[PDB]
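Asker: Next up is a structure, given as structure tokens.
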Amino acid sequence: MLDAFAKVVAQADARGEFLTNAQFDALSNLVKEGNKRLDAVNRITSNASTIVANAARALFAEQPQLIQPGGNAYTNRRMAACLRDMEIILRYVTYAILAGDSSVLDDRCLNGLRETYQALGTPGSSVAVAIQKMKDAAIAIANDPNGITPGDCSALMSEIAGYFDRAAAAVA
Amino acid sequence: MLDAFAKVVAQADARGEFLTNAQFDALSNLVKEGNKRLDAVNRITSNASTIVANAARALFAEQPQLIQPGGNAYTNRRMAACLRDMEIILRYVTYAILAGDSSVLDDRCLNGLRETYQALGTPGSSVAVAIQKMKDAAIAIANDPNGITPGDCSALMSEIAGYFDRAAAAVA
Amino acid sequence: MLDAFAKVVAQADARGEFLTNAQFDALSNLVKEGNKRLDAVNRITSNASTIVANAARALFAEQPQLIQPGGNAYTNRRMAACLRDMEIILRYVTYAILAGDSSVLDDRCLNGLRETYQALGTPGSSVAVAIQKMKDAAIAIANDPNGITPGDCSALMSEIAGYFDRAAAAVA
Amino acid sequence: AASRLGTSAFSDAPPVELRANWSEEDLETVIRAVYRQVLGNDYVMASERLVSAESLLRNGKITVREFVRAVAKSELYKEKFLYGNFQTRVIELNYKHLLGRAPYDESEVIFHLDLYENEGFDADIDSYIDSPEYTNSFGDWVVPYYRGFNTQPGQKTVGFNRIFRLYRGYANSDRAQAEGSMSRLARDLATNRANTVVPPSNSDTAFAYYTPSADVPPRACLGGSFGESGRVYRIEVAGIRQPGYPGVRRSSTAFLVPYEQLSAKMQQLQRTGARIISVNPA
Amino acid sequence: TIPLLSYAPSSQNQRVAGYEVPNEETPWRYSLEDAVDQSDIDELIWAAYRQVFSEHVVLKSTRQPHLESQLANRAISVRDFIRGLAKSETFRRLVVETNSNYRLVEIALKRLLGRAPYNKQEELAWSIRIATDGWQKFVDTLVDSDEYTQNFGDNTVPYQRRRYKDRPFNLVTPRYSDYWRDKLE
Amino acid sequence: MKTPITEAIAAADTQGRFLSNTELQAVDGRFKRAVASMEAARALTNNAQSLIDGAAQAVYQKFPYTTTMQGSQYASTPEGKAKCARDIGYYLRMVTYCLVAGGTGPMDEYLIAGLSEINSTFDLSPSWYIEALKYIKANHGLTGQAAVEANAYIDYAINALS
Amino acid sequence: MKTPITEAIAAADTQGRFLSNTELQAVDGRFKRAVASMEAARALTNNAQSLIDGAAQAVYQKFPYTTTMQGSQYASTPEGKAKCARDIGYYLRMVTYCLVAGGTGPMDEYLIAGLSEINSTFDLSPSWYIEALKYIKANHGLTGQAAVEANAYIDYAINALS
Amino acid sequence: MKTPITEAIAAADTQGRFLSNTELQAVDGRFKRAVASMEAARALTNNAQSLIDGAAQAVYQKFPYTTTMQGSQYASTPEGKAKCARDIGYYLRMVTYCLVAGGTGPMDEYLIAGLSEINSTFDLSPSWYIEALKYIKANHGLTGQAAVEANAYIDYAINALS
Ligand SMILES: CCC1=C(C)/C(=C/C2=NC(=C\c3[nH]c(/C=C4\NC(=O)[C@H](C)[C@H]4CC)c(C)c3CCC(=O)O)/C(CCC(=O)O)=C2C)NC1=O
Ligand SMILES: CCC1=C(C)/C(=C/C2=NC(=C\c3[nH]c(/C=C4\NC(=O)[C@H](C)[C@H]4CC)c(C)c3CCC(=O)O)/C(CCC(=O)O)=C2C)NC1=O
Ligand SMILES: CCC1=C(C)/C(=C/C2=NC(=C\c3[nH]c(/C=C4\NC(=O)[C@H](C)[C@H]4CC)c(C)c3CCC(=O)O)/C(CCC(=O)O)=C2C)NC1=O
Ligand SMILES: CCC1=C(C)/C(=C/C2=NC(=C\c3[nH]c(/C=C4\NC(=O)[C@H](C)[C@H]4CC)c(C)c3CCC(=O)O)/C(CCC(=O)O)=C2C)NC1=O
Ligand SMILES: CCC1=C(C)/C(=C/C2=NC(=C\c3[nH]c(/C=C4\NC(=O)[C@H](C)[C@H]4CC)c(C)c3CCC(=O)O)/C(CCC(=O)O)=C2C)NC1=O
Ligand SMILES: CCC1=C(C)/C(=C/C2=NC(=C\c3[nH]c(/C=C4\NC(=O)[C@H](C)[C@H]4CC)c(C)c3CCC(=O)O)/C(CCC(=O)O)=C2C)NC1=O
Ligand SMILES: CCC1=C(C)/C(=C/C2=NC(=C\c3[nH]c(/C=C4\NC(=O)[C@H](C)[C@H]4CC)c(C)c3CCC(=O)O)/C(CCC(=O)O)=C2C)NC1=O
Ligand SMILES: CCC1=C(C)/C(=C/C2=NC(=C\c3[nH]c(/C=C4\NC(=O)[C@H](C)[C@H]4CC)c(C)c3CCC(=O)O)/C(CCC(=O)O)=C2C)NC1=O
Ligand SMILES: CCC1=C(C)/C(=C/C2=NC(=C\c3[nH]c(/C=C4\NC(=O)[C@H](C)[C@H]4CC)c(C)c3CCC(=O)O)/C(CCC(=O)O)=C2C)NC1=O
Ligand SMILES: CCC1=C(C)/C(=C/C2=NC(=C\c3[nH]c(/C=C4\NC(=O)[C@H](C)[C@H]4CC)c(C)c3CCC(=O)O)/C(CCC(=O)O)=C2C)NC1=O
Ligand SMILES: CCC1=C(C)/C(=C/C2=NC(=C\c3[nH]c(/C=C4\NC(=O)[C@H](C)[C@H]4CC)c(C)c3CCC(=O)O)/C(CCC(=O)O)=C2C)NC1=O
Ligand SMILES: CCC1=C(C)/C(=C/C2=NC(=C\c3[nH]c(/C=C4\NC(=O)[C@H](C)[C@H]4CC)c(C)c3CCC(=O)O)/C(CCC(=O)O)=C2C)NC1=O
Ligand SMILES: CCC1=C(C)/C(=C/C2=NC(=C\c3[nH]c(/C=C4\NC(=O)[C@H](C)[C@H]4CC)c(C)c3CCC(=O)O)/C(CCC(=O)O)=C2C)NC1=O
């Protein structure tokens, strides 16, 4: 698991030398916008359950063949597993947001997920659609302008979108 | 393809230094006893067919299971293959004797031999017995003191024995 | 593609009779004059590029129609091709010198060469002039004796001139 | 080299032994970790968890060793792996889940299989649980972890290769894998054959490279090959799909190519879309 | 050194497209891709020998023992086996030494690549390939042409592309033309 | 043909290059050995008449059945004896040609090529030629390095027949 | 490497044939020339430092602009002068390697292997090294057969650079 | 040659399909950009003589040391001056063809192809022409799109020579 600071340190360790002024400025930019990062992760974590539940209802309304008899989201055991996996993707994306780097997202959660779903038979494209539903929901929840001291946050919202996108593309 | 001269050059190139006086002296010794080397190669190649044939007869007399039905040198196609491989080993050993080093022998007929024979089912121990039979026959014909000018040839005889042994050790 | 020894042996094989004493002495004479042949090929090959280039410089000016627009040597590509073919002829002639016969010159070259150029649209007469200019260049460079023990190598020069003439007559 | 190989972070050991063996929170973690390792990261539903074992687990009547054995012999474990797979494959899974390694040689299968044939499965699990390896690497108070990655114990080199066949990623579970329902390390184990390491998928295209040596070139060149200057590099590929004349055939395969031609061959392979698994000198 | 002088292609059966099911005159396709048993591999090896060298000249001394062992252990592709036949010394003695470059282009194209020369201009076009690059490099590019990779993939023995109502190349082309017969009586 | 000179030339032609010093060294060695080679060839050809007849009688002695039991493959008839003389003469003539050429080229092109194919069709046992060539190798009447060259070519033929 | 010995071995290997008398003759010629070759190599390495220093000064005199004109290709700095010495040392070391190998193999494998490509990408001029090799060819201080072979290899390098 | 129209035709022919809208769009782009290129070609042909004269003097001034050394590869003699004028004119004459063809086809067909062997054998340094063509490149008298497209072709040729 690498976070942003750790990522810069690891590159600098590969090249030896000593931390350049540019790298220092980059990390200073990260810390001066840190309060924003923490607020976003707090908002997403606080509504995790409703995000997953709403996205799940939408997925099963849009693609009914999944929950029809004989489909992969049938029999109430596989339904539990599907809800579990949606929540797990959300959890590791939340980890990534707090870290500031997508290394955690690709090192544990997306590490092997593709072949897992390929072997199970679960349609990867549908999982990607579900992740995108969660993407819109979570980004809206975090970008809600009421409830906190106002200020520019669009960069962080785009970063959140980037994490969700990485997961959705890797599953599909 | 590296002969003795090429081997010396390659080591010196790795170091990046001109050949030392010692290396020059070694190669001068090689060339001053070169007639012995090429005479041995000539004698081995002149009796190649008889060498392989006699050694084959001896191998099948010592280990009758090979030529009994079911054994790996049965059905006359595998017998042809066995004779072919014996003469192939003799040919690459002859190359090695002319070159002065075992590089060709270890690169082009010994590299993957063990794995291929293991997969085929060919008994490697029996192949080693066969190549040692060839070793004694070829050593004797090359070392025959009658028919050519007298001299000392013991170093060259030890070298040819070493190469036959190398093949025997790799195949088994 | 034959050599001197092979040429006499081939005629003897057509006749079906053991090599006659006369043929033996002829080949002995050929071996007697081996060193000069080797010297000549060594000297010509060391200066090959310069020989052909120097002759080419003069050729293009003495035959301006070729380098004027609309001529066969015009454009960079066809000029490159003319240089290439001059060097090709020189290479096969050097082959012939070492062989001692013009067999190689007539086998893989000079067998339909005129027809190839005639179909291509190259003027054959100009090619003949080029070959003759090359012939003068080659006879000169081989026949500038200095730096070695002298001899009457005029025979070698005459046979080299014969090879060049054979090519020139075959292309025109 | 961590992320590509798959070992994201397996860099500590979770014991439960404490004055507060429950520790009020740590025991929850230990129970989860045992479920992840013993059941092969299977998603156990809440209703079918082994509540009876956890009762004794917090009480201290049973140690972590006893908890691991209880899960291993409970029908929860049997339904996933034991009943449904070839017996040798089950031996492989036991080695992966209980001792955190892969079979190092055929004698392992011989011994465990004979136990199963005569004594019964319960005795087989018993042998894994109380083998010197389990008693040492783990300690009746330490959840089993994949120690096969680390080489400290003393093991055949092939072990490293072989463990990467069983572990196909952090997300993966052995109930759900590319080659599942059939032996994954059986043909190789009899021949003591090494295996190329197949990296698990990570945000890029994956093509699980099966390596049956039934129809592949040998690991070595076994000749002079083309005879050009330089040795012969063996190039593997999996996803060949573009040039299907009868259907391409043997989509996953290797080619022994002389050095000078490698570049050309490479581009050809890339054109078909197969991602080269390995390029090993032969 | 020079981009090979462009040749004008002529209409031919091989160039044409045709939606035909295989005839009884179909060339027959010897594919080592299936990795057939050793006995069938013998047939495949024999067909390649029959193509690169003619049926007439494939004797014991011509047979390369190494090649026989090559195509038996799922080694270098049938294409590389063909190239090995082509660059072997016996082939150079039998074909290369007995013909001029212009005829060599035709012979090699008919046998190795399996299509007749497009026109006389193409015979000229690849003659220089033989000269500058060397015969070994000429056959290298001949079997490394994009056309070849489409025609016979890798593990398919070369065959006459489609001799539809056409004389087979082997039975219309001798080992060497009458031009070299001047050295014979 | 596989003549040392032509082999060097072909090696240079494969790489499309003017004759390098390596090839020139090789042909120089050929010329240096040619004195002994040509003297050996002269010796063998001027003694050829005795050699051919002696080899014929040698094979008749080693294989008496070849002189008695009837068949076209055998020399039971005077016509067959003529055939035997003709073929052993072919072998001797080829060896002299190879001696003068400096390589195995001549015998490979005029004899060894397809030798196995025809010696089975006409049912000429190779062992007969083997014994004849052994007689010639024992009675060639050469000495020294001349002898070594000639015997090398003879044994090349012997191994090819086998 | 294209050593004469290995060349003969490869020629026999592509045909799967035992070493014939022709190959043995070629290798014998190699060994005959090797006495002079080794003498020449010993001479060149005994004077190695003197030869490289002299060649360095020769190119400094022939091309004075290279010692003043600014540019990475020029030796207007001590490191650049070191690079000049290093490269002429490479050429001399390759010559000694080729002398002991008895062929141009080493020269082709460790040099003359895209020498045009490299000098063009860096834009360094071949003429520099050509003149340096000329000085070495004149100052080698050899006589006899050794002299002719060493100068032949140096000239091989010279014409290969062009 | 490598004309945009011709390249689209070749790409469609190797697939064996009728011209799809992709190829038609490409040729449309060629026609749309053939207004400025043809204007530039007209401009450079109408002032061709003056610009070649200027370029000739430019190369004479940049390389007076070649302008004074006597030889076949130099313009020191009046005959060589005439040759230099004609070859500078050749470069301009090809650039106009390149402008009209809208591609690099003429460049490769009338030059570039085998530039290395020519610049090695005659050793006519490309730098001579390069300096002349840079004079042309600034003094061409085009503007805007015509200028930038012409400059693109010119610098393609310059970087191709090196
Ligand atoms: C428990 C550890 C901990 C956390 C989590 C934390 C968060 C935190 N982030 C802050 C700043 C901020 N909060 C925002 C919030 C936003 N403005 C917007 O227009 C968006 C709608 C939204 C992005 C989600 C911004 C832009 C700042 C930066 C300005 C500042 O630092 O006061 C502030 C001060 C003012 C505020 O409450 O917003 C706190 C306390 N502080 C902590 O000690
Ligand atoms: C056709 C190629 C070719 C051959 C074959 C050849 C042979 C050859 N071997 C020689 C020497 C020799 N050969 C031997 C050989 C031996 N001593 C022993 O004890 C062993 C029984 C035997 C090893 C097989 C010795 C000791 C010499 C003399 C010393 C030497 O030069 O190596 C000599 C020099 C002295 C002489 O005339 O005998 C020649 C010419 N020369 C050639 O150009
Ligand atoms: C077997 C030995 C051998 C020969 C002889 C040979 C010649 C040869 N030269 C050719 C071209 C050519 N040859 C020349 C040569 C000349 N240009 C001139 O101005 C002069 C009149 C003449 C030199 C004196 C030229 C200009 C071309 C190119 C023709 C063109 O593309 O229009 C071609 C046309 C096909 C091609 O370019 O590949 C052949 C076959 N190739 C060979 O392999
Ligand atoms: C249409 C495309 C085309 C080009 C580009 C071309 C180049 C070209 N330039 C040449 C020569 C030449 N180029 C020069 C040029 C110069 N001398 C100098 O001092 C100057 C610095 C320089 C002017 C920049 C000279 C003097 C020759 C004649 C050399 C000779 O014939 O030996 C030649 C040799 C034959 C001849 O003189 O024409 C060719 C083929 N040929 C072509 O068909
Ligand atoms: C590696 C290939 C190779 C070369 C290059 C070679 C050259 C060579 N040339 C020689 C001599 C000689 N070369 C000549 C030749 C000539 N007479 C003339 O008028 C002409 C100018 C010239 C013909 C080009 C003569 C007369 C001798 C001295 C006597 C002799 O050796 O026959 C000699 C013997 C004495 C010496 O070393 O000088 C050698 C070794 N030998 C070789 O094995
Ligand atoms: C053989 C089967 C079996 C039994 C019988 C068993 C008993 C058992 N009950 C326990 C807990 C407990 N059991 C109770 C039970 C009660 N609290 C009350 O107020 C009531 C009077 C009474 C129920 C009628 C409580 C409160 C605990 C929790 C103790 C704690 O964590 O603080 C514990 C402590 C560890 C744990 O919770 O896992 C054990 C071992 N465990 C077993 O595996
Ligand atoms: C699904 C349950 C299951 C099966 C079926 C199984 C098969 C199996 N049989 C084995 C041995 C064996 N099996 C046989 C079988 C036979 N030999 C013969 O001659 C007969 C034709 C045939 C019996 C009729 C032999 C000879 C061995 C020993 C092989 C050896 O040690 O090399 C082995 C090797 C390891 C060992 O011996 O422990 C396995 C894995 N393993 C399993 O877990
Ligand atoms: C912590 C990172 C991590 C992930 C992501 C992971 C995935 C994962 N999901 C699984 C199952 C599953 N995954 C799904 C998923 C879905 N089915 C659908 O219809 C939807 C489209 C989709 C949800 C969006 C289902 C239905 C199963 C159960 C299949 C089964 O056990 O039979 C399984 C194995 C079977 C089991 O549950 O025992 C794994 C290993 N494992 C991990 O360790
Ligand atoms: C003669 C023996 C032979 C076999 C067996 C064979 C199989 C084979 N089927 C293929 C394709 C394929 N095969 C399928 C088959 C299926 N798709 C599905 O959705 C189903 C689950 C399943 C059928 C029920 C598909 C979809 C492809 C295309 C894969 C792709 O383009 O990605 C490919 C990939 C290359 C190609 O399409 O040519 C091979 C090699 N080829 C052969 O030559
Ligand atoms: C690099 C040069 C080279 C070597 C060395 C080589 C070995 C070799 N020997 C083989 C076959 C064989 N080798 C044997 C050998 C033997 N059987 C016995 O009883 C004996 C003890 C022994 C002879 C000494 C047999 C019986 C086969 C046939 C196996 C088969 O194809 O069924 C095979 C299998 C394919 C083939 O026949 O080509 C290889 C690859 N192949 C090569 O290309
Ligand atoms: C399948 C149909 C087919 C036929 C008919 C055919 C004929 C044919 N016979 C040939 C050779 C030959 N054909 C003969 C035939 C004879 N010599 C004689 O003395 C007799 C009068 C006659 C036998 C009755 C000979 C001697 C050669 C070899 C010529 C040579 O290489 O010099 C060749 C030369 C090319 C080669 O060797 O492959 C061909 C093409 N080829 C074919 O593919
Ligand atoms: C120049 C290359 C060349 C060779 C080698 C050659 C050999 C040759 N020997 C033959 C036959 C023969 N050769 C012999 C010779 C012998 N009879 C004996 O008793 C002895 C053991 C033996 C002498 C050593 C006989 C008897 C036949 C006739 C076979 C028959 O009619 O069945 C035949 C069949 C035609 C015929 O009957 O003449 C050929 C072609 N022809 C050639 O062109
Ligand atoms: C063993 C095979 C081999 C060769 C041939 C070789 C040559 C060689 N010389 C180089 C550079 C160089 N060489 C010089 C040398 C010189 N300075 C001068 O004034 C002289 C005119 C000249 C000596 C003749 C300089 C200055 C550079 C650096 C040029 C640059 O950095 O651009 C470079 C570029 C990489 C580097 O900086 O070293 C190579 C590759 N290196 C090799 O490994």
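Note on naming: chains are A, B, ... as they come in the structure tokens, residues start from 1 per chain, ligands start from 1 in the order shown.
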When the cut-off is 9 Å and you count only C-alpha atoms and all ligand atoms, which residues lie near ligand 2, shown as a short mmCIF file (atom, residue, chain, number, x, y, z; two decimals) with N, CA and C atoms, in the first residue's frame?

Answerer:
```
data_model
loop_
_atom_site.label_atom_id
_atom_site.label_comp_id
_atom_site.auth_asym_id
_atom_site.auth_seq_id
_atom_site.Cartn_x
_atom_site.Cartn_y
_atom_site.Cartn_z
N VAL B 31 48.85 -24.13 -30.36
CA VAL B 31 49.17 -24.25 -31.78
C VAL B 31 50.41 -25.11 -31.99
N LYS B 32 51.34 -25.14 -31.03
CA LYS B 32 52.54 -25.94 -31.25
C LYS B 32 52.25 -27.44 -31.15
N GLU B 33 51.14 -27.83 -30.52
CA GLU B 33 50.70 -29.21 -30.52
C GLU B 33 49.43 -29.40 -31.35
N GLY B 34 49.28 -28.60 -32.40
CA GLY B 34 48.06 -28.65 -33.19
C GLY B 34 47.98 -29.87 -34.09
N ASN B 35 49.12 -30.31 -34.62
CA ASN B 35 49.12 -31.48 -35.50
C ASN B 35 48.55 -32.69 -34.78
N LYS B 36 48.88 -32.85 -33.50
CA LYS B 36 48.30 -33.93 -32.72
C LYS B 36 46.78 -33.83 -32.68
N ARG B 37 46.27 -32.62 -32.44
CA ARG B 37 44.83 -32.41 -32.36
C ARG B 37 44.15 -32.82 -33.66
N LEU B 38 44.64 -32.31 -34.78
CA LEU B 38 43.97 -32.61 -36.03
C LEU B 38 44.16 -34.07 -36.44
N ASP B 39 45.28 -34.69 -36.06
CA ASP B 39 45.45 -36.12 -36.31
C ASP B 39 44.41 -36.93 -35.55
N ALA B 40 44.17 -36.59 -34.29
CA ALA B 40 43.16 -37.31 -33.53
C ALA B 40 41.79 -37.15 -34.16
N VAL B 41 41.45 -35.92 -34.58
CA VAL B 41 40.16 -35.72 -35.23
C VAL B 41 40.06 -36.56 -36.49
N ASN B 42 41.13 -36.60 -37.28
CA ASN B 42 41.12 -37.36 -38.52
C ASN B 42 40.91 -38.85 -38.25
N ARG B 43 41.58 -39.39 -37.24
CA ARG B 43 41.42 -40.80 -36.95
C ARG B 43 40.01 -41.11 -36.46
N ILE B 141 41.26 -46.24 -30.82
CA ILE B 141 41.65 -46.07 -32.22
C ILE B 141 42.51 -44.82 -32.39
N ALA B 142 42.23 -43.76 -31.62
CA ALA B 142 43.03 -42.55 -31.76
C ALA B 142 44.40 -42.71 -31.13
N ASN B 143 44.50 -43.49 -30.06
CA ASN B 143 45.75 -43.63 -29.32
C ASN B 143 46.61 -44.78 -29.82
N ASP B 144 46.22 -45.44 -30.90
CA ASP B 144 46.99 -46.57 -31.39
C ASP B 144 48.39 -46.12 -31.75
N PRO B 145 49.43 -46.66 -31.12
CA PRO B 145 50.79 -46.18 -31.40
C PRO B 145 51.34 -46.64 -32.73
N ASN B 146 50.72 -47.63 -33.37
CA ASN B 146 51.18 -48.12 -34.65
C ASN B 146 50.46 -47.39 -35.78
N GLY B 147 51.21 -47.09 -36.84
CA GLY B 147 50.65 -46.52 -38.05
C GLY B 147 50.97 -45.06 -38.29
N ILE B 148 51.52 -44.34 -37.31
CA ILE B 148 51.83 -42.92 -37.42
C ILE B 148 53.11 -42.63 -36.66
N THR B 149 53.57 -41.38 -36.75
CA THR B 149 54.80 -41.01 -36.08
C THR B 149 54.63 -41.11 -34.57
N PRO B 150 55.64 -41.58 -33.85
CA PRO B 150 55.55 -41.63 -32.39
C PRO B 150 55.60 -40.24 -31.78
N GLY B 151 55.10 -40.15 -30.56
CA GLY B 151 55.11 -38.90 -29.83
C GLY B 151 54.33 -39.04 -28.54
N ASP B 152 54.04 -37.89 -27.93
CA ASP B 152 53.21 -37.82 -26.73
C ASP B 152 51.85 -37.23 -27.10
N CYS B 153 50.78 -37.88 -26.63
CA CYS B 153 49.43 -37.43 -26.95
C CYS B 153 48.51 -37.52 -25.73
N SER B 154 49.07 -37.68 -24.53
CA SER B 154 48.26 -38.02 -23.36
C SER B 154 47.29 -36.91 -22.99
N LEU B 156 45.80 -34.72 -24.95
CA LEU B 156 44.68 -34.75 -25.88
C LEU B 156 43.76 -35.93 -25.60
N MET B 157 44.33 -37.09 -25.26
CA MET B 157 43.52 -38.25 -24.92
C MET B 157 42.66 -37.97 -23.69
N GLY F 29 46.41 -22.57 -47.67
CA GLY F 29 46.67 -23.88 -47.10
C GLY F 29 46.44 -24.99 -48.10
N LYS F 32 49.43 -25.10 -50.32
CA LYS F 32 50.60 -25.64 -49.63
C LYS F 32 50.52 -27.16 -49.51
N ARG F 33 49.32 -27.70 -49.31
CA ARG F 33 49.16 -29.15 -49.26
C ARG F 33 49.10 -29.79 -50.65
N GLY F 144 53.77 -41.54 -45.92
CA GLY F 144 53.77 -40.21 -45.36
C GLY F 144 52.43 -39.50 -45.47
N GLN F 145 52.51 -38.17 -45.54
CA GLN F 145 51.30 -37.35 -45.57
C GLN F 145 50.51 -37.56 -46.87
N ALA F 146 51.20 -37.88 -47.97
CA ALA F 146 50.49 -38.30 -49.17
C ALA F 146 49.58 -39.48 -48.85
N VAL F 148 48.38 -40.32 -45.94
CA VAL F 148 47.27 -39.98 -45.05
C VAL F 148 46.12 -39.36 -45.83
N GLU F 149 46.43 -38.48 -46.79
CA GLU F 149 45.36 -37.89 -47.60
C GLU F 149 44.58 -38.96 -48.34
N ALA F 152 42.44 -41.11 -46.12
CA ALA F 152 41.28 -40.39 -45.62
C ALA F 152 40.14 -40.45 -46.63
N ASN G 21 38.28 -34.08 -44.91
CA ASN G 21 39.67 -33.67 -45.08
C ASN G 21 39.79 -32.20 -45.46
N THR G 22 38.80 -31.65 -46.17
CA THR G 22 38.87 -30.25 -46.58
C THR G 22 38.88 -29.32 -45.36
N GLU G 23 37.98 -29.57 -44.40
CA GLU G 23 37.95 -28.77 -43.19
C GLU G 23 39.25 -28.90 -42.41
N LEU G 24 39.77 -30.12 -42.33
CA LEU G 24 41.01 -30.34 -41.59
C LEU G 24 42.17 -29.60 -42.25
N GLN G 25 42.21 -29.58 -43.58
CA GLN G 25 43.23 -28.81 -44.28
C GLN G 25 43.11 -27.33 -43.95
N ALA G 26 41.89 -26.80 -43.92
CA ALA G 26 41.70 -25.39 -43.60
C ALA G 26 42.22 -25.07 -42.20
N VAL G 27 41.87 -25.90 -41.22
CA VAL G 27 42.32 -25.65 -39.86
C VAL G 27 43.84 -25.79 -39.76
N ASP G 28 44.43 -26.71 -40.53
CA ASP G 28 45.88 -26.81 -40.54
C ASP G 28 46.52 -25.53 -41.06
N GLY G 29 45.94 -24.94 -42.10
CA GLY G 29 46.43 -23.66 -42.57
C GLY G 29 46.34 -22.59 -41.50
N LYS G 32 49.20 -23.15 -39.17
CA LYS G 32 50.46 -22.75 -39.78
C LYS G 32 50.66 -21.25 -39.69
#
```

Asker: Quick one: residues within 9 Å of segment 59-69 of chain A, only C-alpha atoms counted, chain neighbours fewer than 3 positions away excluded, as a PyMOL selection string?

Answerer: chain A and resi 54-56+72-75+79+123+126-127+129-130+133

Asker: Return as a ChimeraX atom specification the residues of protein, DNA or RNA that approach ligand 11 to within 8 Å, with only C-alpha atoms and all ligand atoms taken into account.

Answerer: /E:53-57,170-176

Asker: If we count only C-alpha atoms, which residues of chain B reach to within 12 Å of chain D? Please list them as a list in words.

Answerer: residues 1, 2, 88, 89, 92, 104, 105, 106, 107, 108, 109, 110, 111, 112, 113, 114, 115, 116, 117, 118, 119, 120 and 121 of chain B

Asker: Could you give me, as a PyMOL selection string, the residues within 9 Å of segment 2-14 of chain H, counting only C-alpha atoms and dropping anything in the same chain fewer than 2 positions from it?

Answerer: chain H and resi 16-20+23-24+26-27+30+101-106+108-109

Asker: Please return as number ranges by chain the residues found within 7 Å of ligand 9, counting only C-alpha atoms and all ligand atoms.

Answerer: D: 240-251

Asker: Write out as JSON, numbers by chain each polymer residue whose atoms come within 12 Å of residue 58 of chain F, counting only C-alpha atoms; drop sequence neighbours fewer than 6 positions from it.

Answerer: {"F": [51, 52, 64, 66, 67, 84, 85, 88, 128, 129, 130, 131, 132, 133, 134, 135, 136, 138, 139]}

Asker: Select the residues contacting ligand 12 at a distance of at most 8 Å, based on only C-alpha atoms and all ligand atoms, then format the selection as a PyMOL selection string.

Answerer: chain F and resi 55-56+59-60+63+66-67+71-76+79-88+90-91+94+110-111+115+118-119+122-125+128-129+132

Asker: Using only C-alpha atoms, what table do you get, as a Markdown table, when you list each residue of chain H with an atom no more than 10 Å from chain G, its nearest pair of atoms, and their distance in Å rounded to one decimal, rows by chain then rising number?

Answerer:
```
| residue | atom | partner | partner_atom | distance |
| --- | --- | --- | --- | --- |
| H:120 | CA | G:162 | CA | 7.6 |
| H:121 | CA | G:162 | CA | 9.3 |
| H:162 | CA | G:120 | CA | 7.9 |
```
